Amino acid sequence: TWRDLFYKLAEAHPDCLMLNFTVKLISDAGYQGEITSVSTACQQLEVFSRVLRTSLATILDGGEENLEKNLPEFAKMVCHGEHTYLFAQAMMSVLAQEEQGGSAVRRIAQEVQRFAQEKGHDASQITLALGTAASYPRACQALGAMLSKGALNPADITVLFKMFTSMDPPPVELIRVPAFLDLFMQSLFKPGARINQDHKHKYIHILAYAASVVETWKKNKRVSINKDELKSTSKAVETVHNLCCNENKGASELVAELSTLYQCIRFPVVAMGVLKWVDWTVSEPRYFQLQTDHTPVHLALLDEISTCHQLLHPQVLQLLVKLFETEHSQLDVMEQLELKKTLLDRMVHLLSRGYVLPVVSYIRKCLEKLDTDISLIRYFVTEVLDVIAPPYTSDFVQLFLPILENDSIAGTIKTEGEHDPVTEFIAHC
Amino acid sequence: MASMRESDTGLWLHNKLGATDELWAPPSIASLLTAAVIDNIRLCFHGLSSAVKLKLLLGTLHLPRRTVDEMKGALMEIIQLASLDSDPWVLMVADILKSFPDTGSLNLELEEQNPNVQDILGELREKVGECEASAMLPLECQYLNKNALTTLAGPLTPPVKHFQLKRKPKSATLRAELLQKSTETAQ
Amino acid sequence: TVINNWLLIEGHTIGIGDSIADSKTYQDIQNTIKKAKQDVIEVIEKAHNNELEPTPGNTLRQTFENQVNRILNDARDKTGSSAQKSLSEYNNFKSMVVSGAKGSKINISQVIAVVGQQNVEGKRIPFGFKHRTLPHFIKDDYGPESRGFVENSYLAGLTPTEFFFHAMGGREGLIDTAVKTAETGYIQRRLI
Amino acid sequence: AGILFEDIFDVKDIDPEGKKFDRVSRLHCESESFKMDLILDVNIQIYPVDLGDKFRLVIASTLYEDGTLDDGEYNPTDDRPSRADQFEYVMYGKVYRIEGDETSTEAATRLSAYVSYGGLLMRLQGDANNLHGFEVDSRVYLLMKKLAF
Amino acid sequence: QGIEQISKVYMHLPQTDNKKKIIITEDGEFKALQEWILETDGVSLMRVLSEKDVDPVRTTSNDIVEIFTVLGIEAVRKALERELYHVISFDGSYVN
Amino acid sequence: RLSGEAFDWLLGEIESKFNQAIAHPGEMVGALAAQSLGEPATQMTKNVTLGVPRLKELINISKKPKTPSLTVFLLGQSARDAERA
Amino acid sequence: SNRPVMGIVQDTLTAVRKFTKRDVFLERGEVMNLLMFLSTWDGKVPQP
């Protein structure tokens with residue numbers, strides 16, 4: 001506390017000598033770390049470089065679970081200073097030049113640039129200048145303007161459609177920035193968003209080219225372009241967009257075309273767009289008041305999303321967590337209980353398809369937070385142990401033994417019967 | 001557009017770009033770069049502090065394409081004059097930005113007697129080589145189809161198989177139930 | 001003066017072309033009318049097999065009448081709205097309605113979409129004969145067209161039964177005028 | 001002079017709600033230097049434009065360089081030099097509303113000038129610094145000219 | 001059971017704020033409330049107002065002779081004014 | 001944001017306009033009211049029997065109205081529970 | 001009912017609605033022809 005008082009005094013009276021003398025005494029005594037170093041880290045080159053290197057090495061050691069932990073501090077240190085952000089993005093782009101294992105480096109760069117944008121600092125045009133957009137100045141200017149203003153305009157989209165549909169399309173990887181695609185999904189999926197009908201075909205073609213059209217690159221050289229997923233994919237995108245953005249139509253009509261819905265929901269970009277549309281559509285609190293099914297079709301589509309693609313599992317988990325954490329004070333508790341039971345079924349399905357660890361951790365956190373009814377937890381664990389069979393991995397048993405350790409499960413699920421899931425799991429371990 | 005002298009230009013630069021709290025170069029730098037100031041930086045660049053150099057160099061890219069087109073030679077001159085500063089930050093930034101006015105892109109050269117860059121590149125490359133199978137798929141891979149993902153980062157690698165299932169989960173039951181309901185409703 | 005002299009250049013008219021739909025709105029109107037007829041038939045058959053829960057405060061017949069009238073009014077309103085959407089900015093009925101010079105939305109609805117239900121004394125066409133409005137119907141028919149619902153528009157023309165029903169509906173207006181004038185003149189004289 | 005505001009705009013979008021009127025088109029434009037938004041109604045029948053066009057927009061108090069501040073009545077027989085000789089589209093109207101992010105304590109950083117050219121509306125939304133010649137209930141000339149660059 | 005010349009009673013929920021219960025909240029808002037009301041088919045006004053759980057302040061009678069007999073001459077004047085206003089402004093017209 | 005001169009002009013205009021709204025002595029308000037009430041009566045056509053007949057029952061005090069009724073308001077907690085009504 | 005009893009009726013109302021639309025433009029000749037019918041005009045042609 002007294003060291004903090006010295007820091008405050010030195011800030012308030014920089015001219016005074018004793019404050020500088022105390023700062024240097026603190027540095028010599030070994031307490032230089034407690035001295036302000038968030039901005040000092042940016043002004044130092046080699047120490048910041050070594051911190052970045054160690055943080056990224058730890059990130060790649062521990063997987064995504066450790067990347068989620070190391071990302072905040074590392075991103076704040078990098079993006080607090082613009083020069084540090086520029087140098088960091090430069091080294092990430094240089095490392096990502098290699099086609100072998102460069103996906104992780106590109107993801108790191110995307111996380112850094114997203115964090116920088118979330119702080120009100122715009123450097124998307126810098127990233128475009130980093131890439132091979134020199135041969136296509138029109139595309140670079142268009143994308144820079146679109147990302148700078150953060151909206152979707154018909155003029156730049158028309159320009160991009162004209163050039164990409166032409167005989168010499170620009171690098172597709174340039175338009176594969178997550179921010180642009182997120183804005184595009186906001187435009188064509190979120191209810192209440194209006195788009196030009198006369199350019200909707202161009203929008204769909206741009207999205208299809210960015211998502212489904214594939215290119216071969218060797219030594220950063222364009223070799224061949226596969227455009228097979230361009231007609232059926234674009235038609236599926238159009239049909240799904242029409243279904244999602246026609247909010248006047250009831251959910252019954254959407255279920256009536258379930259065959260086409262399932263046929264189109266089997267593509268990754270389309271499936272993720274469907275989940276996003278459901279996300280905004282149900283994000284309205286009044287949707288549950290207008291939702292008259294205990295086990296609705298939206299959750300079935302969520303199950304289909306979980307089954308279809310493995311990479312979309314974190315998004316399904318986030319949507320389910322958003323739904324479950326939503327505590328409602330405007331509906332009867334019974335419908336809330338039914339919705340939570342159905343969400344438990346959905347997240348059991350997520351667990352079944354291999355997405356076990358985050359679901360189990362979320363259940364453990366909820367049980368230790370007492371935000372879930374004991375009946376809900378009992379039914380969830382009963383169904384989990386009903387569907388699953390031995391053997392079980394070390395991580396699963398390590399995460400699930402404390403789950404049974406809670407009395408709220410031992411005193412409820414344990415029943416007198418030949419097939420007792422809790423007793424069976426205790427005995428087998 | 002007055003001719004601002006070297007001491008006066010340095011005072012102006014350290015007043016407009018003197019915000020140490022604003023480590024981010026403000027968008028106003030787009031309007032802070034004119035012909036006269038860039039021309040007169042030829043003499044006041046010696047007295048600028050390193051933070052001022054970094055802020056100005058980072059703001060040099062936030063310019064319109066037409067402005068860069070009409071202000072080429074002065075910007076080449078300022079880049080070559082920045083390439084003679086004590087801070088290697090300015091040297092490297094000017095070296096890469098020398099190609100910005102020509103093609104609109106940034107040069108890519110590293111490991112040129114840059115020990116921090118050398119260590120970072122070497123360790124990150126060797127770590128990626130160690131964990132090439134366990135890569136970090138970017139967000140667009142969540143959007144890319146099968147062929148695009150295989151071409152970019154290889155075919156999808158399934159996670160660890162925790163266990164096996166004896167009873168079909170109720171999600172399949174819900175799927176079948178709602179398929180039957182949709183068949184009944186549509187027909 | 002100024003507006004009338006500019007109208008010599010702009011001009012204004014109304015004709016047959018302003019009373020025509022796009023042949024796609026006609027399909028929507030026909031489908032809506034068919035759905036309304038099916039719903040009324042379903043209500044009638046459910047009444048015949050005695051599955052109506054009586055309204056808490058009213059007789060069974062009156063709630064049957066309420067169901068029929070609600071269905072018919074909903075159908076008429078939907079058809080009118082669909083007709084209004086179809087009108088272009090060049091339409092003369094729309095121009096004369098939005099300015100408020102003459103006409104109303106229901107006028108365009110009746111001209112284009114459907115005339116609607118005819119009513120006497122606030123109720124549907126009564127059983128003038130024994131349990132049928134006209135000899136052309138069967139006894140105890142509570143269907144839409146039997147009790148005085150006009151399913152055609154003024155452009156498409158009225159069939160003889162609905163023409164006679166419309167005449168019945170229109171007679172009451174003249175009768176009401178002829179009695180109300182003399183009724184209210186005395187009230188006004190007493191007040192003054 | 002009397003140049004209240006000058007900049008280069010590019011047509012980022014044409015009327016997004018649809019063609020309410022056939023002869024009049026709505027335009028949403030962005031700036032290049034000052035980065036301010038523009039909404040304008042134009043007579044598309046006589047001065048047709050399409051997406052991606054760029055133009056110089058010079059809002060001026062008077063058409064005469066000497067700034068003699070004409071009354072504002074139509075006198076076609078005037079041989080004095082005018083700015084309209086170097087512009088393709090000229091409109092004359094009055095500014096009728098000035099908005100801003102004004103707080104009860106400190107000033108406003110963003111302004112929004114609304115002008116009506118006898119029915120055709122224009123809103124210029126930008127930072128407060130570039131909008132200082134706009135005072136409500138004053139006459140304004142449009143003076144836009146397309147660019148071939 | 002019941003009171004004579006009361007043929008039947010309708011249970012009603014006022015969807016218009018005129019017959020709704022309006023009470024000023026603690027922070028100044030008006031916040032019109034919705035409460036059940038009864039619409040009879042006869043006139044007592046004396047054995048009805050004496051009934052328990054029946055509001056003796058907001059209960060009207062729609063009949064001016066009975067209101068004159070029960071409440072007075074100013075009350076009948078106010079009731080007559082309200083009846084005239086209702087019967088004139090039902091169609092949507094307005095009279096000063 | 002009115003200025004001082006504008007405020008003085010506003011006060012003067014209000015004081016001038018109010019005096020012109022005073023009722024003129026000698027105005028035959030009875031005949032005017034009779035006409036202004038008889039005019040809408042010529043332009044008007046659960047069951048409460050509004051319109052001209054209701055106006056006739058009100059104007060001619062009659063002890064036998066067609067549809068007399070009361071609007072009974074529940075006093076306390078019974079105004080919410082349906083069965084308690 | 002403290003409101004006017006006289007308004008604009010029939011085709012004058014329709015023509016004044018069609019005349020004040022955003023897309024109504026007049027040449028000089030028709031402008032002078034219309035201005036000839038103003039009783040209270042001051043004789044000054046407004047700037048277009």
# chains A, B, ... in the order shown; residues from 1 in each chain; ligands from 1

$ residues_around --residues "stretch 14-27 of chain C" --least-positions-apart "5" --cutoff "12 Å" --atoms "only C-alpha atoms" --output "mmCIF file with C-alpha atoms, in the first residue's frame"
data_model
loop_
_atom_site.group_PDB
_atom_site.id
_atom_site.type_symbol
_atom_site.label_atom_id
_atom_site.label_comp_id
_atom_site.auth_asym_id
_atom_site.auth_seq_id
_atom_site.Cartn_x
_atom_site.Cartn_y
_atom_site.Cartn_z
ATOM 1 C CA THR C 32 -58.221 -16.330 -48.666
ATOM 2 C CA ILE C 33 -61.913 -16.619 -49.548
ATOM 3 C CA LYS C 34 -61.600 -20.389 -49.982
ATOM 4 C CA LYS C 78 -57.128 -9.683 -45.165
ATOM 5 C CA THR C 79 -58.437 -9.507 -48.739
ATOM 6 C CA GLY C 80 -58.734 -5.729 -48.521
ATOM 7 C CA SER C 81 -55.187 -5.377 -47.210
ATOM 8 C CA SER C 82 -53.865 -7.643 -49.966
ATOM 9 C CA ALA C 83 -55.676 -5.482 -52.520
ATOM 10 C CA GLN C 84 -54.181 -2.325 -50.994
ATOM 11 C CA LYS C 85 -50.645 -3.720 -51.228
ATOM 12 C CA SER C 86 -51.136 -4.430 -54.940
ATOM 13 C CA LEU C 87 -51.945 -0.806 -55.818
ATOM 14 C CA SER C 88 -49.205 1.098 -57.624
ATOM 15 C CA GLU C 89 -48.289 4.741 -57.100
ATOM 16 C CA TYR C 90 -49.887 5.544 -60.474
ATOM 17 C CA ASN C 91 -53.299 4.229 -59.403
ATOM 18 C CA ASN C 92 -56.018 6.875 -59.357
ATOM 19 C CA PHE C 93 -58.128 5.348 -56.579
ATOM 20 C CA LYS C 94 -55.073 5.449 -54.319
ATOM 21 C CA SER C 95 -54.329 9.036 -55.351
ATOM 22 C CA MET C 96 -57.872 10.168 -54.563
ATOM 23 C CA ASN C 107 -64.100 1.562 -51.192
ATOM 24 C CA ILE C 108 -60.987 0.243 -52.939
ATOM 25 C CA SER C 109 -61.390 -3.057 -51.098
ATOM 26 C CA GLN C 110 -64.981 -3.471 -52.297
ATOM 27 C CA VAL C 111 -64.160 -2.404 -55.858
ATOM 28 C CA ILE C 112 -61.171 -4.732 -56.208
ATOM 29 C CA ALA C 113 -61.162 -7.453 -53.568
ATOM 30 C CA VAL C 114 -64.650 -8.327 -52.309
ATOM 31 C CA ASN C 152 -67.400 -11.251 -55.602
ATOM 32 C CA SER C 153 -66.117 -7.732 -56.179
ATOM 33 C CA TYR C 154 -67.870 -4.857 -57.907
ATOM 34 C CA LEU C 155 -65.521 -5.359 -60.860
ATOM 35 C CA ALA C 156 -66.301 -9.070 -61.186
ATOM 36 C CA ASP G 11 -59.768 17.814 -57.401
#

$ select_by_dssp --residues "chain F" --states "alpha helix (DSSP H)" --output "PyMOL selection string"
chain F and resi 4-20+29-41+52-59

$ write_last_selection --atoms "C-alpha atoms" --output "CSV table (one decimal), in the first residue's frame"
chain,number,residue,atom,x,y,z
F,4,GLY,CA,-35.1,39.8,-23.8
F,5,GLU,CA,-36.8,41.6,-26.6
F,6,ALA,CA,-38.3,38.4,-27.9
F,7,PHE,CA,-39.6,37.7,-24.4
F,8,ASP,CA,-41.2,41.1,-24.1
F,9,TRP,CA,-42.9,40.7,-27.5
F,10,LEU,CA,-44.1,37.3,-26.4
F,11,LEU,CA,-45.7,38.7,-23.2
F,12,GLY,CA,-47.4,41.4,-25.3
F,13,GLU,CA,-48.7,39.0,-27.8
F,14,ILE,CA,-50.1,36.6,-25.1
F,15,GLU,CA,-51.8,39.5,-23.3
F,16,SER,CA,-53.3,40.7,-26.6
F,17,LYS,CA,-54.5,37.3,-27.8
F,18,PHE,CA,-56.1,36.5,-24.5
F,19,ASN,CA,-58.3,39.6,-24.5
F,20,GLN,CA,-59.7,38.7,-27.9
F,29,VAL,CA,-74.9,31.2,-26.5
F,30,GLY,CA,-78.1,29.3,-26.0
F,31,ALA,CA,-79.1,29.2,-29.6
F,32,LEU,CA,-75.5,28.5,-30.6
F,33,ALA,CA,-75.3,25.6,-28.2
F,34,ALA,CA,-78.6,24.2,-29.5
F,35,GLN,CA,-77.4,24.4,-33.1
F,36,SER,CA,-74.0,22.9,-32.2
F,37,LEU,CA,-75.7,20.0,-30.5
F,38,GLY,CA,-78.4,19.4,-33.2
F,39,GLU,CA,-75.8,19.3,-36.0
F,40,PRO,CA,-74.1,16.1,-34.9
F,41,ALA,CA,-77.5,14.5,-34.2
F,52,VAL,CA,-80.2,9.1,-31.8
F,53,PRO,CA,-82.4,6.9,-29.5
F,54,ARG,CA,-80.0,7.4,-26.6
F,55,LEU,CA,-80.0,11.1,-27.2
F,56,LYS,CA,-83.8,11.0,-27.2
F,57,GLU,CA,-83.9,9.1,-23.9
F,58,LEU,CA,-81.4,11.6,-22.3
F,59,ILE,CA,-83.1,14.7,-23.6

$ atom_distance --atom1 "atom CA of residue D:108" --atom2 "atom CA of residue B:30"
21.5 Å

$ closest_residue --among "B:186, B:142, B:130, B:176" --to "residue A:308" --atoms "only C-alpha atoms"
B:142

$ atom_distance --atom1 "atom CA of residue A:189" --atom2 "atom CA of residue A:230"
19.7 Å

$ residues_around --residues "stretch 18-23 of chain D" --least-positions-apart "4" --cutoff "8 Å" --atoms "only C-alpha atoms" --output "tab-separated table (two decimals) with C-alpha atoms, in the first residue's frame"
chain	number	residue	atom	x	y	z
D	43	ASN	CA	-32.94	15.00	-59.67
D	44	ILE	CA	-31.82	11.74	-61.23
D	45	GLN	CA	-33.71	12.45	-64.46
G	22	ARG	CA	-40.78	15.68	-53.99
G	23	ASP	CA	-40.49	14.97	-57.74

$ residues_around --residues "residue D:33" --least-positions-apart "3" --cutoff "10 Å" --atoms "only C-alpha atoms" --output "list in words"
residues 30, 31, 63, 64 and 67 of chain B; 7, 8, 9, 30 and 36 of chain D

$ write_last_selection --atoms "C-alpha atoms" --output "compact mmCIF listing (two decimals), in the first residue's frame"
# COMPACT_ATOMS: atom_id res chain seq x y z
CA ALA B 30 -4.54 11.55 -41.65
CA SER B 31 -5.03 15.33 -41.70
CA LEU B 63 -3.43 8.19 -45.90
CA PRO B 64 -5.64 8.27 -49.00
CA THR B 67 -2.62 11.66 -51.49
CA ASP D 7 -14.70 18.00 -49.96
CA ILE D 8 -14.65 14.99 -52.29
CA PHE D 9 -17.46 12.45 -51.99
CA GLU D 30 -18.89 9.07 -47.78
CA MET D 36 -18.22 12.67 -42.96

$ residues_around --residues "stretch 44-48 of chain E" --least-positions-apart "4" --cutoff "9 Å" --atoms "only C-alpha atoms" --output "list in words"
residues 3, 4, 5, 6, 52, 54, 56, 59, 60, 61, 66, 67 and 70 of chain E; 70 and 72 of chain F

$ residues_around --residues "residue C:48" --least-positions-apart "4" --cutoff "12 Å" --atoms "only C-alpha atoms" --output "JSON, numbers by chain"
{"C": [41, 42, 43, 44, 52, 60, 61, 64, 140, 141, 142]}

$ write_last_selection --atoms "C-alpha atoms" --output "PDB file, in the first residue's frame"
ATOM      1  CA  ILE C  41     -67.877 -25.046 -42.967  1.00  0.00           C
ATOM      2  CA  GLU C  42     -65.712 -26.551 -40.219  1.00  0.00           C
ATOM      3  CA  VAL C  43     -67.442 -24.394 -37.602  1.00  0.00           C
ATOM      4  CA  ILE C  44     -70.848 -25.385 -38.992  1.00  0.00           C
ATOM      5  CA  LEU C  52     -68.894 -26.000 -29.320  1.00  0.00           C
ATOM      6  CA  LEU C  60     -75.034 -21.261 -28.358  1.00  0.00           C
ATOM      7  CA  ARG C  61     -76.555 -19.665 -31.457  1.00  0.00           C
ATOM      8  CA  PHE C  64     -72.007 -19.538 -33.450  1.00  0.00           C
ATOM      9  CA  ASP C 140     -81.288 -24.644 -42.459  1.00  0.00           C
ATOM     10  CA  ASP C 141     -78.179 -23.536 -44.341  1.00  0.00           C
ATOM     11  CA  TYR C 142     -75.867 -21.280 -42.324  1.00  0.00           C
TER      12      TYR C 142
END

$ closest_atom_pairs --of "chain C" --to "chain F" --cutoff "10 Å" --atoms "only C-alpha atoms" --output "Markdown table"
| residue | atom | partner | partner_atom | distance |
| --- | --- | --- | --- | --- |
| C:173 | CA | F:45 | CA | 9.8 |
| C:176 | CA | F:45 | CA | 8.0 |
| C:177 | CA | F:45 | CA | 8.8 |
| C:180 | CA | F:42 | CA | 7.7 |
| C:181 | CA | F:42 | CA | 6.9 |
| C:182 | CA | F:42 | CA | 9.8 |
| C:183 | CA | F:52 | CA | 8.3 |
| C:184 | CA | F:42 | CA | 6.2 |
| C:185 | CA | F:42 | CA | 8.0 |
| C:186 | CA | F:38 | CA | 9.8 |
| C:187 | CA | F:38 | CA | 7.4 |
| C:188 | CA | F:38 | CA | 5.0 |
| C:189 | CA | F:38 | CA | 8.6 |
| C:190 | CA | F:34 | CA | 9.0 |
| C:191 | CA | F:34 | CA | 5.5 |
| C:192 | CA | F:34 | CA | 5.1 |
